[PDB]
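Q: My questions will all concern the structure given below.
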Amino acid sequence: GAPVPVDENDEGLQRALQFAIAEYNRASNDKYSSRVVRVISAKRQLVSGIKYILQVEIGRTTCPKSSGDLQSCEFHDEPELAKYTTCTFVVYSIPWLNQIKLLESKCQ
């Protein structure tokens with residue numbers, strides 16, 4: 001057995017970053033929103049089911065949710081002031097039972 005990396009065509013891995021990341025935005029939703037930036041390690045271990053280990057230097061997005069913006073939101077109008085954080089997402093994905101669940105998703 002071993003770890004298998006994903007490509008730009010794995011709706012499963014996409015549901016992984018969107019699951020944990022979705023939790024990052026709902027976490028900072030207060031001040032503003034947290035948005036991915038430059039992934040680093042997006043993989044899906046393959047055991048009895050799957051393990052989704054993700055890494056990305058999370059970033060932010062000024063606008064919160066409405067702020068009279070309809071649909072936009074953005075980091076800090078540039079990189080010059082949009083630091084980031086290193087977060088890892090751990091999503092177990094089990095086929096045959098469409099059972100996806102979050103696990104080790106922590107950012108810091």
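Residue numbering restarts at 1 in every chain; chains get A, B, ... in the order shown in the structure tokens, and ligands count up from 1 in that same order.
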Going by DSSP on the backbone, which bits of range 63-107 of chain A are strand (DSSP E)? Write them as an MDAnalysis selection string, please.
A: chainID A and resid 85:94 99:102 106:107
Q: Export, as a PDB file, in the first residue's frame, the selected residues with N, CA and C atoms.
A:
```pdb
ATOM      1  N   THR A  85      -1.201  31.099   6.311  1.00  0.00           N
ATOM      2  CA  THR A  85      -1.000  30.171   7.449  1.00  0.00           C
ATOM      3  C   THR A  85      -0.864  28.758   6.882  1.00  0.00           C
ATOM      4  N   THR A  86      -0.183  27.898   7.576  1.00  0.00           N
ATOM      5  CA  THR A  86      -0.004  26.510   7.069  1.00  0.00           C
ATOM      6  C   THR A  86      -1.067  25.604   7.667  1.00  0.00           C
ATOM      7  N   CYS A  87      -1.971  25.143   6.856  1.00  0.00           N
ATOM      8  CA  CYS A  87      -3.036  24.258   7.376  1.00  0.00           C
ATOM      9  C   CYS A  87      -2.967  22.895   6.702  1.00  0.00           C
ATOM     10  N   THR A  88      -3.411  21.890   7.406  1.00  0.00           N
ATOM     11  CA  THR A  88      -3.423  20.518   6.849  1.00  0.00           C
ATOM     12  C   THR A  88      -4.840  19.954   6.984  1.00  0.00           C
ATOM     13  N   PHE A  89      -5.342  19.349   5.947  1.00  0.00           N
ATOM     14  CA  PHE A  89      -6.717  18.778   5.999  1.00  0.00           C
ATOM     15  C   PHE A  89      -6.637  17.252   5.967  1.00  0.00           C
ATOM     16  N   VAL A  90      -7.389  16.576   6.786  1.00  0.00           N
ATOM     17  CA  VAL A  90      -7.330  15.093   6.759  1.00  0.00           C
ATOM     18  C   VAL A  90      -8.753  14.571   6.560  1.00  0.00           C
ATOM     19  N   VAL A  91      -9.097  14.210   5.354  1.00  0.00           N
ATOM     20  CA  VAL A  91     -10.482  13.744   5.087  1.00  0.00           C
ATOM     21  C   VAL A  91     -10.502  12.261   4.712  1.00  0.00           C
ATOM     22  N   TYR A  92     -11.225  11.469   5.447  1.00  0.00           N
ATOM     23  CA  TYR A  92     -11.309  10.029   5.095  1.00  0.00           C
ATOM     24  C   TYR A  92     -12.420   9.851   4.061  1.00  0.00           C
ATOM     25  N   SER A  93     -12.115   9.253   2.944  1.00  0.00           N
ATOM     26  CA  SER A  93     -13.126   9.075   1.886  1.00  0.00           C
ATOM     27  C   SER A  93     -13.301   7.561   1.647  1.00  0.00           C
ATOM     28  N   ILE A  94     -14.463   7.012   1.951  1.00  0.00           N
ATOM     29  CA  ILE A  94     -14.673   5.537   1.756  1.00  0.00           C
ATOM     30  C   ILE A  94     -15.663   5.290   0.615  1.00  0.00           C
ATOM     31  N   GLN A  99     -18.991   7.574   1.853  1.00  0.00           N
ATOM     32  CA  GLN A  99     -18.850   8.101   3.238  1.00  0.00           C
ATOM     33  C   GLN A  99     -17.622   9.005   3.355  1.00  0.00           C
ATOM     34  N   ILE A 100     -17.811  10.286   3.200  1.00  0.00           N
ATOM     35  CA  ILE A 100     -16.675  11.236   3.327  1.00  0.00           C
ATOM     36  C   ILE A 100     -16.769  11.886   4.717  1.00  0.00           C
ATOM     37  N   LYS A 101     -15.672  12.051   5.404  1.00  0.00           N
ATOM     38  CA  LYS A 101     -15.754  12.668   6.759  1.00  0.00           C
ATOM     39  C   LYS A 101     -14.482  13.457   7.067  1.00  0.00           C
ATOM     40  N   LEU A 102     -14.613  14.522   7.814  1.00  0.00           N
ATOM     41  CA  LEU A 102     -13.425  15.346   8.167  1.00  0.00           C
ATOM     42  C   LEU A 102     -12.679  14.694   9.320  1.00  0.00           C
ATOM     43  N   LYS A 106      -6.496  21.124  10.660  1.00  0.00           N
ATOM     44  CA  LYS A 106      -6.075  22.190  11.615  1.00  0.00           C
ATOM     45  C   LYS A 106      -5.191  23.211  10.903  1.00  0.00           C
ATOM     46  N   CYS A 107      -5.389  24.471  11.180  1.00  0.00           N
ATOM     47  CA  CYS A 107      -4.561  25.518  10.522  1.00  0.00           C
ATOM     48  C   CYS A 107      -3.800  26.312  11.586  1.00  0.00           C
TER      49      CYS A 107
END
```
Q: Please identify all polymer residues within 10 Å of range 60-77 of chain A, counting only C-alpha atoms, omitting same-chain residues fewer than 3 positions from it, and present them as a ChimeraX atom specification.
A: /A:24-26,28-37,80-85
Q: Please write the residues from the selection above to a file, keeping N, CA and C atoms, as a short mmCIF file (atom, residue, chain, number, x, y, z; two decimals), in the first residue's frame.
A:
```cif
data_model
loop_
_atom_site.label_atom_id
_atom_site.label_comp_id
_atom_site.auth_asym_id
_atom_site.auth_seq_id
_atom_site.Cartn_x
_atom_site.Cartn_y
_atom_site.Cartn_z
N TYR A 24 -12.60 26.57 7.11
CA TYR A 24 -11.72 27.72 7.42
C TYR A 24 -12.52 29.01 7.21
N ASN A 25 -13.20 29.13 6.09
CA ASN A 25 -14.00 30.36 5.84
C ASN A 25 -15.07 30.50 6.92
N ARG A 26 -15.75 29.44 7.28
CA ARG A 26 -16.80 29.55 8.32
C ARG A 26 -16.15 29.87 9.67
N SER A 28 -13.26 32.01 10.09
CA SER A 28 -12.87 33.45 10.09
C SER A 28 -14.03 34.31 9.58
N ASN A 29 -15.11 33.68 9.16
CA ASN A 29 -16.27 34.46 8.63
C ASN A 29 -16.46 35.74 9.44
N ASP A 30 -16.08 35.73 10.68
CA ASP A 30 -16.22 36.94 11.52
C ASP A 30 -15.55 38.13 10.83
N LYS A 31 -14.27 38.28 11.04
CA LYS A 31 -13.54 39.41 10.41
C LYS A 31 -13.71 39.36 8.89
N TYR A 32 -13.30 38.29 8.28
CA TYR A 32 -13.41 38.17 6.82
C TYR A 32 -13.41 36.68 6.46
N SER A 33 -13.01 36.33 5.28
CA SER A 33 -13.04 34.88 4.90
C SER A 33 -11.62 34.34 4.68
N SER A 34 -11.45 33.06 4.91
CA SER A 34 -10.12 32.41 4.70
C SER A 34 -10.15 31.66 3.37
N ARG A 35 -9.28 31.97 2.45
CA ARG A 35 -9.31 31.25 1.13
C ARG A 35 -7.97 30.57 0.85
N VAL A 36 -8.00 29.44 0.18
CA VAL A 36 -6.73 28.72 -0.14
C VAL A 36 -5.78 29.68 -0.85
N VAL A 37 -4.63 29.21 -1.22
CA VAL A 37 -3.66 30.11 -1.87
C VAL A 37 -2.73 29.29 -2.76
N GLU A 80 1.32 41.88 -1.06
CA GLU A 80 2.06 42.79 -0.14
C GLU A 80 1.46 42.81 1.27
N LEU A 81 0.25 42.35 1.47
CA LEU A 81 -0.31 42.38 2.84
C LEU A 81 -1.35 41.28 2.99
N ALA A 82 -1.09 40.12 2.45
CA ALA A 82 -2.06 39.02 2.61
C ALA A 82 -1.31 37.79 3.10
N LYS A 83 -0.75 37.86 4.27
CA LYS A 83 0.02 36.72 4.80
C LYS A 83 -0.80 35.45 4.65
N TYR A 84 -0.28 34.41 5.16
CA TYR A 84 -0.93 33.11 5.04
C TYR A 84 -0.64 32.27 6.28
N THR A 85 -1.20 31.10 6.31
CA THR A 85 -1.00 30.17 7.45
C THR A 85 -0.86 28.76 6.88
#
```
Q: Using only C-alpha atoms, can you tell me which of A:5, A:79, A:12, A:95 comes closest to residue 49 in chain A?
A: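 Looking at the shortest contact to residue 49 in chain A, the residue is A:95.
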Q: Give the answer as one residue: which of A:97, A:40, A:54, A:2 has the shortest atom-to-atom distance to residue 17 in chain A, using only C-alpha atoms?
A: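 Among the listed residues, the smallest separation from residue 17 in chain A belongs to A:54.
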Q: Please give the complete set of residues from range 8-68 of chain A that DSSP, run on the backbone, assigns to helix (DSSP H, G or I), formatted as JSON, numbers by chain.
A: {"A": [11, 12, 13, 14, 15, 16, 17, 18, 19, 20, 21, 22, 23, 24, 25, 26, 27, 28]}
Q: State, in Å with one decimal place, the distance from CA of residue 10 in chain A to CA of residue 23 in chain A.
A: 20.1 Å
Q: I'd like to know which of A:96, A:108, A:7, A:19 is closest to residue 44 in chain A, using only C-alpha atoms.
A: A:7
